[PDB]
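# next one to model:
(chains A and B)
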Amino acid sequence: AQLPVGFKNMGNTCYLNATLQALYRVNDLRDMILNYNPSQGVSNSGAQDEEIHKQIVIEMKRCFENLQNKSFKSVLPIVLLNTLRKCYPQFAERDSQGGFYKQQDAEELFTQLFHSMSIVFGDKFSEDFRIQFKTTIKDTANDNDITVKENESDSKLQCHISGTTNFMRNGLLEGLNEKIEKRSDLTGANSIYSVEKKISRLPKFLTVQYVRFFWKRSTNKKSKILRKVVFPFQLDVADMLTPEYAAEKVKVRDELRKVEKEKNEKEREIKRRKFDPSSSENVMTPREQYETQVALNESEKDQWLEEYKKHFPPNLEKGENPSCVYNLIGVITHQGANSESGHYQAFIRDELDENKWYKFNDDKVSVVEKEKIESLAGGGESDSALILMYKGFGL
Amino acid sequence: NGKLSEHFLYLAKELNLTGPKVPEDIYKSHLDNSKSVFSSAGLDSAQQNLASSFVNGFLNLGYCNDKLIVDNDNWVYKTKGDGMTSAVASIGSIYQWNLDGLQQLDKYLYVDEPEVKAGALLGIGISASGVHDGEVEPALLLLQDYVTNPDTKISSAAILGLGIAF
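Residues are numbered from 1 along each chain as shown, chains lettered A, B, ... in the order given. Let me share the structure:
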């Protein structure tokens, strides 16, 4: 709906801002959050910090409603931050002006936020980020030993960009070849294991976390892996998918294609109307006609999304993506190797025109393109992705 | 005139030709060539709604046929405010330098708003300029009566009008 705007900064809350706008732009997630009332309570009484987790969720409600508003660039993150310190001692850390909080790892903030929603909603939030893997564990020296896990799963996928990488795409491959060792020689030596995951069940919403923070031993400093990556606007994951799962996904994708065309047909017919003047209605600015048309458009777009979801087979399970394609909606980029006082920037795909993106440099709004984000060289030459947020097509 | 009129080879042709009546007539011949247009420019809505009306006037400099556009009362009443005043005056500018097209203006002079009455009088000024010594439809005939009406707007248009026409 209404255009996203400045997110109030006040110093040392850059990281914090970026992650919050990021979550908001997911359509489903926004609504569940808006529809959260303390009357429904926590859906898990498995946590001694059950009450605090409700409170976070409510402050994010506040932020989201105001973010959407074109009027309010205030969202008041002063209280939200306070709450975070109590919930988790990670966020009480690091000396700074006023309270004690400073710049942090957006990776740390994201994992912690994740549990907060998970406890309040329960399993509903969770299924929308669960990744199953059929993982084969074969010792490089003892290939003969093969131990198979089928129930291995994780909420989050790691893209390792250490080792030869030049692209995000390459890095997604390397990320499956985690390497672990095992003191047992009943599994065949203390050699590195090739660990090879295929994804056998996609979630509705996919979280990519760049792993790259490490202490560069040789220079005795914090560093981050400097190797080039480039993130294409459209992602396709068809190769990582196990053949059998992949076929179903290609069929589903076709119904989705039809809606995307009717959505872009009636979109063009909007642009024409605005282009022409208002003609006779007499002692009126054109502006009053124009605002009305802007309002139609935002409505029509939410309506089109609902058509994709209804058309999906009732065979499809909640917590599965309909397709093998995803669309980039939010990039949390990081700058500076230190995150002790590095700077976070946010790129958020525009609602009203998916084509357009708003770069939110904290409070300050500037217009950039989808292309500008593609053209990034990544590394340290320019801003480079640390967390990527990917949305199933048509959701 | 009086030297010429005393001799009396012809009274009328000389008076006309000394006077500005022959200057009205030669232009009539010219218009046909340059091509009589109903052309208007200007855009709808807001303060341009006022403009477009006025602008038709300015574009139809001198004596020109734009009779049918003028004949619509729609456009005239569609103007707002003080802009209504300027609309009726500019109809006079279609008919600038010529008596012919008086009739449209006279209509405004009787009907509705104080605003359009002032406008009618100013425009009759602009049109009657094509005389001052023809003494064929004097400005004075129309223009006396509205001085007497004490309403300030009506009188002002009218006594300025006298100044222009003669």
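# which residues of chain B lie near chain A?
Counting by Cβ under 8 Å from any Cβ of the partner chain, chain B comes close to chain A at B:43-47, B:49, B:78, B:80. Using the backbone N, CA and C atoms, a C-beta is placed for each residue, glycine as well.
# just among those residues, which is most surrounded?
When these are compared by neighbour count (other Cβ atoms under 10 Å in any protein chain shown), residue B:49 ends up highest, at 21 neighbours.
# quick check, it in a helix?
Yes: according to DSSP: H, G, I helix; E, B strand; the rest coil, the state of residue B:49 is that of a helix.
# test my guess that it contacts residue A:282.
Yes: the pair residue B:49 and residue A:282 passes the contact test of Cβ atoms under 8 Å, sitting 5.6 Å apart.
# shared neighbours, these two?
With contacts defined as Cβ atoms under 8 Å, 6 or more residues apart in numbering or on different chains, the residues adjacent to both residue B:49 and residue A:282 are B:78, B:80.
# contacting residues around residue A:123?
residue A:43.
# picking up where we left off before, could I get the residues of chain B next to chain A in TSV, plus columns for secondary structure?
Shown next, in TSV, are the residues of chain B next to chain A (three-state DSSP):
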residue	secondary structure
B:43	coil
B:44	coil
B:45	coil
B:46	coil
B:47	helix
B:49	helix
B:78	helix
B:80	coil
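# and of the residues you listed, the nearest to residue B:37?
If you rank those by distance to residue B:37 using Cβ to Cβ, residue B:43 comes first, at 18.7 Å.
# so what's the residue count around the closest residue to residue A:262 other than its chain neighbours?
Ranked by Cβ to Cβ, 6 or more residues apart in numbering or on different chains and with sequence neighbours excluded, the top spatial neighbour of residue A:262 is residue A:304, at 7.6 Å. Number of residues near residue A:304 (other Cβ under 10 Å) recorded here: 17.
# what's near enough to touch residue A:304?
Shown here is residue A:304, whose contacts under the criterion Cβ under 8 Å, 6+ apart are A:259, A:262-263.
# element containing the residue nearest to residue B:84 when sequence neighbours are not counted?
For residue B:84, ignoring the flanking residues on the chain, the nearest one in space by Cβ to Cβ, 6+ apart is residue B:115 at 4.7 Å. The secondary structure element spanning residue B:115 is helix B:114-127 (assigned by DSSP states H and E).
# just residue A:284 next, same as before
Of the helices and strands defined by DSSP H and E, none includes residue A:284.
# the closest residue to residue A:211 other than its chain neighbours pairs with what?
Counting by Cβ to Cβ, 6+ apart, the nearest residue to residue A:211 once its immediate chain neighbours are dropped is residue A:158, at 5.0 Å. On DSSP bridges, the residues paired with residue A:158 through beta bridges are residue A:209.
# I'd say residue A:158 and residue A:175 touch.
Yes: taking Cβ under 8 Å as the definition, residue A:158 is a contact partner of residue A:175 at 5.2 Å.
# can you list residues touching both of the two?
Taking Cβ under 8 Å, 6+ apart as the contact rule, the neighbours common to residue A:158 and residue A:175 are residue A:211.
# more neighbours: which of the two?
The residue with the greater number of neighbours, taking residue A:158 and residue A:175 and applying other Cβ under 10 Å, is residue A:175; the counts read 22 against 17.
# that one falls within a helix, correct?
Yes: counting by three-state DSSP, residue A:175 falls inside a helix.
# now do the contacts for it.
In this structure, residue A:175 makes contact with A:157-160, A:211, judged by Cβ under 8 Å, 6+ apart.
# who does the longest helix anywhere in chain A touch, helix- and strand-wise?
Scanning chain A for the helix with the most residues, using DSSP state H, yields helix A:243-275. Contacts of helix A:243-275 with other secondary structure elements, assessed using 3 or more Cβ pairs under 8 Å, 6 or more residues apart in numbering or on different chains; DSSP states H and E, are made with strand A:193-201, helix A:286-311.
# before we move on, back to that, narrow the contacts of residue A:304 to just the buried residues.
Buried residues within these, defined by neighbour count using 16 or more other Cβ atoms under 10 Å in any protein chain shown: A:259, A:263.
# ok, the contacts of residue A:304 vs chain B, which is closest?
Sorting the contacts of residue A:304 by distance to chain B puts residue A:263 at the head of the list, at 31.6 Å, by Cβ to the nearest Cβ.
# which residue sits closest to the closest one, ignoring its sequence neighbours?
Closest residue to residue A:263 apart from its sequence neighbours, by Cβ to Cβ, 6+ apart: residue A:304 at 4.2 Å.
# measure the one you found to residue A:370 for me?
Spatial separation of residue A:304 from residue A:370 under the definition Cβ to Cβ, to the nearest Å is 19 Å.
# before we move on, the earlier item: deepest of the helices and strands packed on helix A:243-275, which one?
Of all those, strand A:193-201 has the most neighbours on average by mean count of other Cβ atoms under 10 Å in any protein chain shown, namely a mean of 18.
# contacts for it, please.
Among residues not part of strand A:193-201, those counted as contacts by Cβ under 8 Å, 6+ apart are A:130-140, A:152, A:176-182, A:237, A:240-242, A:245, A:320.
# how about a cut-off of 6 Å?
Counting contacts by Cβ atoms under 6 Å, 6 or more residues apart in numbering or on different chains, the residues outside strand A:193-201 that touch it are A:132-140, A:176, A:178, A:180, A:240-242, A:245.
# which ones among those residues lie within helices?
Checked against DSSP H, these include these in helices: A:176, A:245.
# for the closest residue to residue A:9 other than its chain neighbours, give me its contacts.
Of all residues beyond its chain neighbours, the one nearest residue A:9 is residue A:362 (4.1 Å), with distances taken as Cβ to Cβ, 6+ apart. When contacts are counted by Cβ under 6 Å, 6+ apart, residue A:362 is found next to A:9, A:14, A:17.
# and for residue B:40?
Remark: with contacts taken as Cβ under 6 Å, 6+ apart, residue B:40 is in contact with residue B:56.
# kindly provide the distance from it to residue A:286.
The spacing between residue B:40 and residue A:286, counted by Cβ to Cβ, is 20 Å.
# which residues of chain B fall in helices?
Listed in chain order, the helices found in chain B under DSSP H are B:3-7, B:12-18, B:21-34, B:47-59, B:67-71, B:74-78, B:83-91, B:103-110, B:114-127, B:139-143, B:145-148, B:152-165.
# show me what the shortest one is packed up against.
The one in question is helix B:145-148. Helix B:145-148 makes packing contacts with helix B:152-165 when contacts are defined by 3 or more Cβ pairs under 6 Å, 6 or more residues apart in numbering or on different chains; DSSP states H and E.
# ok, now the fourth one?
For helix B:47-59, the helices and strands in contact under the criterion 3+ Cβ pairs under 6 Å, 6+ apart are helix B:83-91.
# could you measure from residue B:132 over to residue B:24?
Counting by Cβ to Cβ, the gap between residue B:132 and residue B:24 amounts to 11 Å.
# of the two, who's got more company?
Between residue B:132 and residue B:24, counting by other Cβ under 10 Å, residue B:24 is the more crowded of the two (20 against 15).
# ok so, going back, buried set for the longest helix of chain A?
The neighbour-count check on helix A:243-275 (16+ other Cβ under 10 Å) flags A:245, A:248-249, A:252, A:255-256, A:259, A:263 as buried.
# repeat for stretch B:109-122
Within stretch B:109-122, the residues scored as buried using 16+ other Cβ under 10 Å are B:109, B:115-122.
# kindly report the same for stretch B:4-15.
Within stretch B:4-15, the residues that qualify as buried by neighbour count (16+ other Cβ under 10 Å) are B:14-15.
# how about residues contacting it?
Counting contacts by Cβ under 6 Å, 6+ apart, the residues outside stretch B:4-15 that touch it are residue B:1.
# could you do stretch A:374-393 as well?
Contacts to stretch A:374-393, defined as Cβ under 6 Å, 6+ apart, come from residues A:22, A:106, A:110, A:204, A:206, A:208-210, A:226, A:228-231, A:233, A:256, A:321, A:323, A:325-327, A:329-335, A:345.
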